[PDB]
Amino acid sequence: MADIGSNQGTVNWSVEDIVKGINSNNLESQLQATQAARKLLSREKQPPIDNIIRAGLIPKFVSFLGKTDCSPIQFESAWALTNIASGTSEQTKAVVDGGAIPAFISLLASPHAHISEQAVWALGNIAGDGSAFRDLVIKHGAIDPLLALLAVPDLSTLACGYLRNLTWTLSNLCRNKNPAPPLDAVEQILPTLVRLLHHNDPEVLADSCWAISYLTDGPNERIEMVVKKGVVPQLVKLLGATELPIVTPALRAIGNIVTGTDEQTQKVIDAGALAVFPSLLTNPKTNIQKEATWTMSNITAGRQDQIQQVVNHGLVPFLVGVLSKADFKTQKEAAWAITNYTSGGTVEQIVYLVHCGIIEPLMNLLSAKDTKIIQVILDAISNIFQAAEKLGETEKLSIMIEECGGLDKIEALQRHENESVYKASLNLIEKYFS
């Protein structure tokens, strides 16, 4: 979707000159002026977006989008408008206010690939502004034409840059949450999205995953319409991809899905997702590690038979590892994973947790400046003592917590300031210790 010049004299034009040319009654002079404008808006640094808007050029550019007889000016103005729309919400608004949406949607059917591609790009920028413009683009009927552009036997016959553009614009139509995209628009888009999720290009796969992650971020009903399409196995596969740009959105999508129902969570387990976590929980990239632990916490919050799966895959030692050493935010997710595990696990599963060495690292964290994680941890111990109570082992556990220095940190918290904390402590103290 890219261009040139007439460019000895279309480079570095002044805005007054551009206005002069566009105001001439000459289509060719307007074309030259529009290209000059595009070049100012397309330069490497500080494009004069506001100056162009103030000159009142948008309405002219929009009208040039409809000049089928001069494809070059359609393309140049489409590019100019695209770059104005790439700015602030206010700059994107000016483009919308000029009536650009229906004009760009009309250009989607252009016989010229580079022109329909620019139209796609522009709509991506407009929809990317947020919920309102996203939904306005949809109301103008952008989805059908966009989907038609991908209606081919094999995606591979499409120009690579062209396909990446369509995928990205489609993902923005699935983006944002207050409100989320119209249910029927999501249903209309899903089938094509599933197809892109199986394409071989790394950027198309990444953005496809991001779109899926957007769609799974919300009520269980939204998660269900995605899981229903049977994409989980594919998401699990991409979860093991070598490229971080693909793994990140794949893990996010998987993580959103396990925040749903036990039935929906069971789907990721059935697909074999847990076998990838030994690697995800030790990933060099700290964000992956964080999201992986976060995902584990929503799985340990599941059924006992699901917690057992976590056990069978040998993931408890990995949780003990993250709890012992990791970026603090990851350690916080681990604490949650542990408290959720102890909250719904069987006595045997909880005993196992202690046998893996969860106690010491858990106590060492009680010394963190984060009342939230502290509550979570004290809460975890309570659940663990309760398991040892049903075993008349409440004493062997007290020693352990005393051995590693736990008590010397719980009593100190007993004198905390947050009622939730000092109360929780005191209770544990007088109930299990001295």
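Sequential numbering from 1, following the sequence displayed.
Stretches 90-98 and 227-235 differ in mean CA B factor, with 227-235 having the higher one. Between 354-362 and 202-210, it is 354-362 that carries the larger average Cα temperature factor according to the deposited entry. Ranking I401, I58, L41, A33 by the C-alpha B-factor listed in the PDB entry places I401 at the top. Across the options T242, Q188, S77, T169, the residue with the most elevated CA B-factor in the record is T242.
Ranked against the other modelled residues of its chain, the C-alpha B-factor of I49 as given in the entry falls in the middle third. Among the modelled residues of the chain, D184 sits in the middle third by CA temperature factor in this PDB entry.
Split the chain's modelled residues into thirds by C-alpha temperature factor. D135 is in the lowest one. Ranked against the other modelled residues of its chain, the C-alpha B-factor of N220 as given in the entry falls in the highest third. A151 sits in the highest third of its chain by CA B factor, as recorded in the PDB entry.
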